[PDB]
file query39.txt (compact mmCIF, N, CA and C atoms)
# COMPACT_ATOMS: atom_id res chain seq x y z
N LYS A 1 16.01 22.87 121.65
CA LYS A 1 15.12 23.03 122.80
C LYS A 1 15.21 24.42 123.42
N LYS A 2 16.39 24.84 123.83
CA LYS A 2 16.51 26.10 124.51
C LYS A 2 17.61 26.97 123.91
N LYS A 3 17.22 27.73 122.92
CA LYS A 3 18.05 28.73 122.27
C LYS A 3 17.26 29.36 121.16
N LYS A 4 17.23 30.65 121.16
CA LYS A 4 16.55 31.40 120.14
C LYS A 4 17.54 32.25 119.38
N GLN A 5 18.55 32.73 120.08
CA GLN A 5 19.57 33.56 119.52
C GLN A 5 20.92 33.01 119.92
N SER A 6 21.71 32.64 118.96
CA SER A 6 23.04 32.16 119.21
C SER A 6 23.95 33.32 119.65
N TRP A 7 25.18 33.02 120.04
CA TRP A 7 26.12 34.03 120.56
C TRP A 7 26.27 35.24 119.62
N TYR A 8 26.31 34.99 118.34
CA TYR A 8 26.48 36.05 117.34
C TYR A 8 25.20 36.82 117.13
N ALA A 9 24.11 36.13 117.31
CA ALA A 9 22.81 36.69 117.11
C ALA A 9 22.50 37.64 118.24
N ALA A 10 22.78 37.19 119.45
CA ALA A 10 22.57 37.96 120.62
C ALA A 10 23.53 39.12 120.63
N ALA A 11 24.81 38.84 120.43
CA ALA A 11 25.82 39.90 120.44
C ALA A 11 25.53 40.99 119.41
N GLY A 12 25.00 40.62 118.28
CA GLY A 12 24.63 41.62 117.31
C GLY A 12 23.41 42.39 117.76
N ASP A 13 22.36 41.66 118.04
CA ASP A 13 21.05 42.23 118.39
C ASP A 13 21.07 43.01 119.69
N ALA A 14 21.63 42.40 120.68
CA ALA A 14 21.70 42.94 122.02
C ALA A 14 22.49 44.24 122.07
N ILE A 15 23.64 44.24 121.42
CA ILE A 15 24.53 45.40 121.46
C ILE A 15 24.00 46.54 120.62
N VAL A 16 23.50 46.21 119.46
CA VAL A 16 22.91 47.22 118.61
C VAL A 16 21.70 47.86 119.29
N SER A 17 20.89 47.04 119.91
CA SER A 17 19.69 47.52 120.57
C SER A 17 20.06 48.31 121.83
N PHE A 18 21.19 47.93 122.43
CA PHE A 18 21.75 48.59 123.59
C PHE A 18 22.01 50.05 123.21
N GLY A 19 22.60 50.23 122.02
CA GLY A 19 22.89 51.55 121.52
C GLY A 19 21.64 52.35 121.28
N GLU A 20 20.60 51.68 120.80
CA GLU A 20 19.31 52.32 120.55
C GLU A 20 18.75 52.84 121.85
N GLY A 21 18.83 51.98 122.83
CA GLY A 21 18.38 52.27 124.17
C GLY A 21 19.11 53.44 124.76
N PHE A 22 20.40 53.44 124.57
CA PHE A 22 21.30 54.49 125.05
C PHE A 22 20.92 55.87 124.49
N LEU A 23 20.43 55.90 123.27
CA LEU A 23 20.09 57.15 122.59
C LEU A 23 18.86 57.83 123.18
N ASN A 24 18.17 57.16 124.10
CA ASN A 24 16.95 57.70 124.74
C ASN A 24 17.23 58.98 125.55
N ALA A 25 18.49 59.26 125.79
CA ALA A 25 18.89 60.41 126.56
C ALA A 25 19.58 61.43 125.67
N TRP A 26 19.50 61.21 124.38
CA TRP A 26 20.10 62.08 123.41
C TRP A 26 19.02 62.63 122.49
call {"tool": "encode", "arguments": {"input": "query39.txt", "output": "structure tokens"}}
result
Amino acid sequence: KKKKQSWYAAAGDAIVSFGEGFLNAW
């Protein structure tokens, strides 16, 4: 019902994308 990304899915996706986001100032 309510979950699209499990803990590992989010932790992978979220953190990797976080880094992508971070590079916007580089």
call {"tool": "select_by_dssp", "arguments": {"input": "query39.txt", "residues": "chain A", "states": "alpha helix (DSSP H)", "output": "ChimeraX atom specification"}}
result
/A:7-22
call {"tool": "atom_distance", "arguments": {"input": "query39.txt", "atom1": "atom CA of residue A:5", "atom2": "atom CA of residue A:24"}}
result
24.8 Å
call {"tool": "atom_distance", "arguments": {"input": "query39.txt", "atom1": "atom C of residue A:2", "atom2": "atom C of residue A:22"}}
result
29.1 Å
call {"tool": "atom_distance", "arguments": {"input": "query39.txt", "atom1": "atom CA of residue A:26", "atom2": "atom C of residue A:11"}}
result
22.1 Å
call {"tool": "axis_aligned_box", "arguments": {"input": "query39.txt", "around": "stretch 10-24 of chain A", "padding_each_side": "5 Å", "output": "AutoDock Vina command-line options"}}
result
--center_x 21.4 --center_y 48.1 --center_z 121.4 --size_x 18.9 --size_y 31.8 --size_z 18.2
